[PDB]
Amino acid sequence: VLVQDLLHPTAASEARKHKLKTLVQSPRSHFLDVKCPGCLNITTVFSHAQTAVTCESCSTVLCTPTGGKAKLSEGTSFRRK
Amino acid sequence: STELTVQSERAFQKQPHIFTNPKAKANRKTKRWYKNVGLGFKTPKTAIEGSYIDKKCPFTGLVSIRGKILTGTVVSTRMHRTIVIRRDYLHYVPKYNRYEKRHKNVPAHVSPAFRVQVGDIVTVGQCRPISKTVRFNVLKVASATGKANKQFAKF
Amino acid sequence: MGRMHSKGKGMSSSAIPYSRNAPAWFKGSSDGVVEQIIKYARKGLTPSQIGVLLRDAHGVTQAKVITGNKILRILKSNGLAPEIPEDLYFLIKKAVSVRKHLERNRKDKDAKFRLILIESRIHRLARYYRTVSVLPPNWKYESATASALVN
Amino acid sequence: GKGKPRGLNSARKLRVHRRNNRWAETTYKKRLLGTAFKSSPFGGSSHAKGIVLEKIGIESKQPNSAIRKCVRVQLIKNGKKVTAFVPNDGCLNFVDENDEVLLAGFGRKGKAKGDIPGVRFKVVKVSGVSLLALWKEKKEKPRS
Amino acid sequence: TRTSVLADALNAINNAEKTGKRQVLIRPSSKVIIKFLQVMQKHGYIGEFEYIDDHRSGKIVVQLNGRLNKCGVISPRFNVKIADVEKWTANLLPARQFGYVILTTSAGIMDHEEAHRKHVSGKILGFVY
Amino acid sequence: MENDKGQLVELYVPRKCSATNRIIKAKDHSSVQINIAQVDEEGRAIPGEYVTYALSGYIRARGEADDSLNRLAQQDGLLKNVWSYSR
Amino acid sequence: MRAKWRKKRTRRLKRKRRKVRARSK
RNA sequence: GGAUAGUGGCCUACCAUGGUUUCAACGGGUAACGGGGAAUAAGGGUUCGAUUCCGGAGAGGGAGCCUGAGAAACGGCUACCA
RNA sequence: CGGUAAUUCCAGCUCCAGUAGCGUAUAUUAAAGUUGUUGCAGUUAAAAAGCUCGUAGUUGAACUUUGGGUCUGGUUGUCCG
RNA sequence: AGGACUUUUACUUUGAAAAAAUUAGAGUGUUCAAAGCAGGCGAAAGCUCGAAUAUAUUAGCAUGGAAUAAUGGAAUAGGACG
RNA sequence: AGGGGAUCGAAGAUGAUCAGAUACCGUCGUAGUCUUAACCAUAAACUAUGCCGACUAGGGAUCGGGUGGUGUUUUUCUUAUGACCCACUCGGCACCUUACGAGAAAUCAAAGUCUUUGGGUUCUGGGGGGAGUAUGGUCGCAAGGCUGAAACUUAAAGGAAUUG
Ligand SMILES: [Mg+2]
Ligand SMILES: [Mg+2]
Ligand SMILES: [Mg+2]
Ligand SMILES: [Mg+2]
Ligand SMILES: [Mg+2]
Ligand SMILES: [Mg+2]
Ligand SMILES: [Mg+2]
Ligand SMILES: [Mg+2]
Ligand SMILES: [Mg+2]
Ligand SMILES: [Mg+2]
Ligand SMILES: [Mg+2]
Ligand SMILES: [Mg+2]
Ligand SMILES: [Mg+2]
Ligand SMILES: [Mg+2]
Ligand SMILES: [Mg+2]
Ligand SMILES: [Mg+2]
Ligand SMILES: [Mg+2]
Ligand SMILES: [Mg+2]
Ligand SMILES: [Mg+2]
Ligand SMILES: [Mg+2]
Ligand SMILES: [Mg+2]
Ligand SMILES: [Mg+2]
Ligand SMILES: [Mg+2]
Ligand SMILES: [Mg+2]
Ligand SMILES: [Mg+2]
Ligand SMILES: [Mg+2]
Ligand SMILES: [Mg+2]
Ligand SMILES: [Mg+2]
Ligand SMILES: [Mg+2]
Ligand SMILES: [Mg+2]
Ligand SMILES: [Mg+2]
Ligand SMILES: [Mg+2]
Ligand SMILES: [Mg+2]
Ligand SMILES: [Zn+2]
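Residues numbered from 1 in each chain as written, not as in the entry; some residues may be left out. Chains lettered and ligands numbered in written order. Part of a larger assembly, values for the part shown. Heavy atoms only, no water.

> So what's going on with the overall build of chain C? Residues and values would help.
Along the backbone of chain C there are seven helices and zero strands. Counting from the amino terminus, helix and strand elements in chain C follow one another as α-α-α-α-α-α-α. Over its C-alpha trace chain C gives a radius of gyration of 19 Å, far above what one expects of a compact globule, namely 15 Å for 151 residues. By principal-axis analysis of the C-alpha atoms, chain C measures approximately 60 × 35 × 30 Å. Across the 151 residues of chain C, 28% fall into the buried class. Of the contacts formed within chain C by residues at least 6 apart in sequence, a portion of 61% connects residues at least 24 apart. When the accessible area of chain C is evaluated, it comes to approximately 9900 Å², of which 54% is carbon and sulfur surface. Computing the positive centroid from 28 side-chain charges and the negative centroid from 11, chain C places the two 6 Å apart. (Helix = DSSP H or I, 4+ residues; strand = E, 2+ residues; numbered from the N terminus. Rg over C-alpha atoms; globule rule 2.2 N^0.38 Å. Buried < 20%, exposed > 50% of the residue type's maximum accessible area, 1.4 Å probe, protein only. Contact = heavy atoms within 4.5 Å. Areas by Shrake-Rupley, 256 points an atom, 1.4 Å probe, with all protein chains shown as cover. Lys, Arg positive; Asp, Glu negative; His and termini not counted. Charge placed at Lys NZ, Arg CZ, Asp CG, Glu CD.)

See below:
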């Protein structure tokens, strides 16, 4: 503790700490490419989305607002961006 | 705050001892006398071709500018033919090594050649005692507006 | 963690990513993003809702990253910036709502204090928007002006 | 960090704060109010003459049992009346009734000294001559 | 609110020195902090520090070696005339043989001895020894 | 410390903590001085030849004595990877 | 003595003095 | 415009309604003449400065004035009050 | 201190301090870090307004050329003439 | 040495200024000193060095510097140049 | 002032206890307690600790939110929730240990980073008593609130802790 690296702390400790508290502050969020069983369009959505995101082709919601991050619509298949 | 008539009061308003000959047929506007106060101060063209009289004009009147030159900010332009300038400064209390914001109100006499309004920073110059309290004649309106040069927003 | 008008000490916020430039995976066009912003504004949406719509339904991380200008700046360039800034307008709406609740029931003193707090915040924000000259120098806040601006 | 302001342009409030706090002292308040000139038996005076009215002794406090031999004197400069103390073994008899006596301070900043209650003034001279010269028989009372 | 950032930096340095550490993480990392730590490096009271760009005020990581004993800002940056430098050194530094009143002159942020060498003086920043 | 001619006038130029570089007080009755014996090729502790580390009483009281000794021994090639410079 | 009852005695003195002044005001 | 040696609400005539102020104006107190300075002394300061020098004011309190270049003089006059 | 053995009162002896000066009174300064800008304290010793908003006042995040190479002038300590 | 434009400060270095007496302080056997601005040296035949300096920390004037602290540019381009 | 009017209970009525007892114990008992308007602005209104900001030390829990678990029961066949379990984080009322820091100590994780004295800022105190009294304002219908001395007197008053 008396001698310790702050310029290069362990990446495990990086994921340990809070956002806004890293060496350089970086968001923990990410984007997703979701496909709805309806059509073949790939929709880009946010992990912590705040709106009932729907595909422009069909009036089917793909996410759902939540106190934290998005909860999907039980049938959409996603890939992390 | 300036009357449309070039003379409005009961007495006639003329520049003393400058005479325009009516028998002559040159028929120029008048014979207007003027001077430059020096110190590299530009006489305003509104005074150069103007039609006011202002006995106490540094540029057209008999008053001469000499002595102190003070820069201040206008705090009251809304009494006739005269201005009230707020001069701010810092008095140094040495027992604490600390400064103290202070202000003084300097009356002055702004010529009609200048268009002044509340908030304009003004360079003013010393002269003879003009009234009981005014001893300075406005010599330059440095900041005409300051932050009102651009007003509208039409892209 | 200041909470200007209360005793809160929270720091819940968002950390802007280090890289200012566009994300590698984004394929959209900046001109198309500007057109989308313009259309959303013409629908009658404030810049914050425009940003939230671009972040959720599309891959726009943030307008300044993609276009180079901010959302309100983009709207102003096209002349769609509202005459009252969005935060001040929302404060006006909240104040008029609490005043309505007050005039419909007098005995509630807590909402009276909250209205005092909201009015103080409105005064501070109005002063700021007045020294920057976004609002005219004669702009002020009294009763029945908030309703006129909101309605 | 501290109650007082520290900014470079905070001289005004520091000065007025010191000026308002100075009244908490007793010496400063006395000096500025001028209480000595108005209320004290002498106004800024180290000594003062007076006329003996009567010849009284006052008992001492609890731990000290005696009767200190004082004298009531009406001041001539303004007319106030104060008790004063004649300091020595056999000096009471030296001062007689209705003679001019020069009173001085009692040394305790205008407050009662020791065990003597309600007195604040010594006696230095009587009828023009000093007590100390009489007590050692160096001079004698003129008896006028 | 954070009024004097250099005060926070020097307080963090003092706290992380008294506890016996060898490093500090100063968050706001202005020009003045960089110049102050650079002077301390020049005079040896500090080790090998580091600026970490965040695109937002950056940060600084400071390496110590236990040689320092106290930093400290004179929070009101008093206008120090060239005659008053000696009085400040007497009132702040523990001995005439060492210590340095870091003050900001028009010729940059410099230790008091260097400023006296240039025969120039300005406002006072802090003191190190 | 130094006389103008150039002779020392100080007495007992004091030791310093080997982990925090702070001097050791004369009456610092918490500080210790560890000796670690040098080891030859066949594991025989060579007598009278060792390496000394002066740990201050402050770090011992705080609780960083063993960690500091771990780091200090790792630096001078005594223990293999017992201490990581990045926590 | 308690500060409470000294306060109350002062208040009763003010009682009497206020009634007297009101009579002679 | 008058008066001034001369600028100046200094005074008059007619207009305008203005000027100062929480950066303490105005009022009250000063057993206050201002200053150069004195005592005190780690540094910062606290108190004093009627008086040997420079300024100001006064000749019992008030007003008025002749003479002159210079006085509202008072070891110059006029009047009132004491 | 003085209540029948007074190292304190009145005296004699001896001694001490300053010394042609010393003692008193008031005022004032240092002592006073008991005015605290340097430099005071506020839990209980005196002292955090019952709490919040708020004009003036005081204070207020970071950022806008930092580096280098040469020549050259004084000043030093250089080695010695 | 002339037209021309001057972002403005706060800050700080240097200088001119801040009357003499006083404070500091150089020289000087008033018999020493407080002091004073004196005196010293010839062969005794007139020859002489002096009467030094600094500080005042505010206001004003000039000057070099550009860190620290503040204000102002170009957003309707009514922006800068040819 | 208008409404109510159960309980409990200033005043009062008594019955006891006592030397006295119009006090404590007891029984009744108006005003009040409960409310709609209008006043009042004081409390040991206390954490007797001003607010904002930074840093400094270890141990668990607890509340609100959010992340992850190849976790466990749940049952609606599986899953989605929910409820727990483990780990982390933000914010809050808090708590245990300790001095390596601070205090006159009791003690404080702030009452620390203060003679190695300066992050910004507001209010208050200069021995005790007189005294939060008088007077003068100002607010209040009234009660009283805010502001608020001196004369004089006194060598102490007071804080924490140690032994009796
Ligand atoms: Mg008796
Ligand atoms: Mg007088
Ligand atoms: Mg005088
Ligand atoms: Mg005086
Ligand atoms: Mg007098
Ligand atoms: Mg004189
Ligand atoms: Mg005269
Ligand atoms: Mg007389
Ligand atoms: Mg003559
Ligand atoms: Mg006369
Ligand atoms: Mg005479
Ligand atoms: Mg005369
Ligand atoms: Mg005569
Ligand atoms: Mg005897
Ligand atoms: Mg104290
Ligand atoms: Mg108590
Ligand atoms: Mg208390
Ligand atoms: Mg409080
Ligand atoms: Mg304000
Ligand atoms: Mg800044
Ligand atoms: Mg002089
Ligand atoms: Mg002398
Ligand atoms: Mg009723
Ligand atoms: Mg009863
Ligand atoms: Mg009974
Ligand atoms: Mg009962
Ligand atoms: Mg009952
Ligand atoms: Mg109270
Ligand atoms: Mg309280
Ligand atoms: Mg007291
Ligand atoms: Mg009391
Ligand atoms: Mg009253
Ligand atoms: Mg006790
Ligand atoms: Zn579809």
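> Residue-level account of the side chain of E114 of chain E, with values.
Residues and elements named next belong to chain E. By secondary structure assignment, the location of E114 is in helix α4 (residues 112-118). Its relative accessible area of 17% is what places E114 among the buried residues. Within polar-contact distance, the side chain of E114 engages the side chain of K42 at 3.0 Å. (Polar contact = N/O pair within 3.5 Å; in protein donor to acceptor, adjacent residues only side chain to side chain.)

> Residues and numbers for the sheet that holds strand β1 (residues 69-79) of chain B, please.
Strand order in the open sheet formed by five strands is β3-β2-β1-β4-β5 (chain B), and the pairing between neighbours is antiparallel. In this open sheet, the two strands that pair with only one neighbour each are β3 (98-108) and β5 (136-141) of chain B. Sheet twist, expressed as the mean angle between neighbouring strand axes with direction ignored, is 45°. As defined by bridge partners, β1 of chain B adjoins strand β2 (residues 82-93) of chain B across four bridges and the pair is classed as antiparallel. When the bridges of β2 of chain B are listed, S76 of chain B appears paired with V84 of chain B. Set on the sheet, helix α1 (residues 11-21) of chain D makes contact with β2 and β3 of chain B; between it and β3 of chain B the angle comes to about 110°. (Pairing = 2+ DSSP bridges. Axes fitted to C-alpha atoms, helices over the stretch in contact; angles between N-to-C directions.)

> Residues and numbers for the UniProt feature "binding site: Zn(2+) 1" (unreviewed entry) in chain A, please.
Residues and elements named next belong to chain A. As recorded in UniProt, the feature "binding site: Zn(2+) 1" (unreviewed entry) lies at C36 and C58. These residues run over 23 residues, yet every pair of their C-alpha atoms falls within 9.2 Å of each other. Using a relative accessible area of 11% as the deciding quantity, one classes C36 as buried. Apart from the residues within four sequence positions on either side, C36 is in contact with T60 and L62. (UniProt positions renumbered as here; feature names shortened; annotations may be inferred.)

> A description of helix α3 (residues 85-92) of chain E should follow, citing residues and the corresponding values.
Residues and elements named next belong to chain E. Along α3, the positions that sit buried rather than exposed are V85, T89 and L92. What you see down the axis of α3 is that its buried residues fit within an arc of 85°, all on one side. Opposite the buried face of α3, by more than 90 degrees, sit the exposed residues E86, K87, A90 and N91. (Arc of directions from axis to C-beta.)

> I'd like a description of the interface of chain C and chain A, backed by residues and values.
Contacts between the two partners involve 15 residues from chain C, matched on the other side by 18 residues from chain A. Carbon and sulfur atoms make up 65% of the surface buried where chain C meets chain A, a total of about 1300 Å² over both sides. Here chain C is connected to chain A by zero salt bridges. On the surface where chain C and chain A come into contact, there are four residue pairs in polar contact. For the side of chain C that touches chain A, a count of residues per class yields eight nonpolar, five polar and two charged. (Buried area = accessible area lost by both parts, 1.4 Å probe. Salt bridge = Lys/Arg side-chain N within 4 Å of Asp/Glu carboxyl O. Nonpolar A, V, L, I, M, F, W, Y, C, P; charged D, E, K, R; others polar.)

> Describe the packing of helix α1 (residues 30-42) of chain C against helix α2 (residues 47-56) of chain C, with residues and values.
Residue and element names in this part refer to chain C. Between α1 and α2, the least distance of the axes is 10 Å, while the angle of their chain directions is 130°. As the angle between them shows, α1 and α2 are arranged oblique. Crossing geometry of α1 relative to α2 is assigned as right-handed. On the side of α1, the interface is formed by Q36, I37, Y40 and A41, while α2 contributes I50, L53 and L54. Grouping the constituent residues of the contact of α1 with α2 by class yields six nonpolar, one polar and no charged. (Parallel < 35°, antiparallel > 145°, perpendicular 65-115°, else oblique. Left-handed = near helix turned anticlockwise from the far one by under 90°.)

> Kindly report on the sheet that holds strand β3 (residues 77-80) of chain A, identifying the contributing residues and their values.
All names here are of chain A. If you walk across this open sheet you meet the three strands as β2-β1-β3, and the pairing is antiparallel. Here the strands that pair on one side only, and so sit at the sheet edges, are β2 (42-46) and β3. In this sheet, neighbouring strand axes are inclined to one another by 30° on average, regardless of whether the strands run parallel or antiparallel. As paired elements, strand β1 (residues 31-35) and β3 share four bridges and run antiparallel to each other. Pairing of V34 across the sheet is with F78, part of β3.

> So what's going on with the protein's contact with RNA strand I? Which residues, and what values?
The environment of RNA strand I is formed by 45 residues, the closest being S120 and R124 of chain C together with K4, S46 and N64 of chain D. Take the atoms of RNA strand I that sit within 4 Å of the protein: sugar and phosphate atoms are 74% of them. Between RNA strand I and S120 of chain C there is a distance of 2.5 Å, counted from a phosphate oxygen to a side-chain nitrogen or oxygen. With respect to RNA strand I, the side chain of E25 of chain D contributes an N or O atom lying 3.2 Å from a base nitrogen. Examining the composition of the surface near RNA strand I, we find that five residues originate from one element, helix α6 (residues 110-131) of chain C, more than from any other. In terms of residue class, the surface near RNA strand I is made up of 10 nonpolar, 17 polar and 18 charged. (Near = heavy atom within 4 Å.)

> Any chance you could break down the packing of helix α1 (residues 5-18) of chain E against helix α2 (residues 31-43) of chain E for me, citing the residues and the numbers?
Residue and element names in this part refer to chain E. Two numbers describe how α1 lies on α2: the axes approach to 9 Å, and their chain directions differ by 40°. The angle between α1 and α2 places the two elements in the oblique class. Of the two possible hands of crossing, α1 and α2 adopt the one that is right-handed. Between α1 and α2, the residues in contact are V5, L6, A9 and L10 and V32, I33 and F36, respectively. Looking at the contact of α1 with α2 residue by residue, the class counts come to seven nonpolar, no polar and no charged.

> Give a detailed account of the pattern of salt bridges, specifying residues and quantitative values.
Under the criterion given, the structure shown has 15 salt bridges over all chains. Of the charged contacts in the structure, one is a salt bridge between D88 of chain B and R86 of chain B, with a shortest N-O distance of 2.9 Å. Judged by relative accessible area, which is 45%, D88 of chain B ranks as partly exposed. Among the salt bridges present, the one from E114 of chain E reaches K42 of chain E, with a minimum N-O distance of 3.0 Å.

> Outline the protein's contact with RNA strand H, supporting the account with residue identities and numerical values.
Around RNA strand H, the structure places 22 residues, and the nearest of them are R78, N105, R128 and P129 of chain B together with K87 of chain E. Looking at RNA strand H alone, sugar and phosphate atoms form 84% of those within 4 Å of the protein. In the environment of RNA strand H, a sugar or linking oxygen lies 2.6 Å from a nitrogen or oxygen atom belonging to the side chain of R128 of chain B. Interatomic distance of 2.5 Å between a side-chain N/O atom of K87 of chain E and a phosphate oxygen of RNA strand H. Within the residue set of the surface near RNA strand H, elements represented by two or more residues are β1, β2 and β3 of chain B together with α3 (35-38) of chain D.

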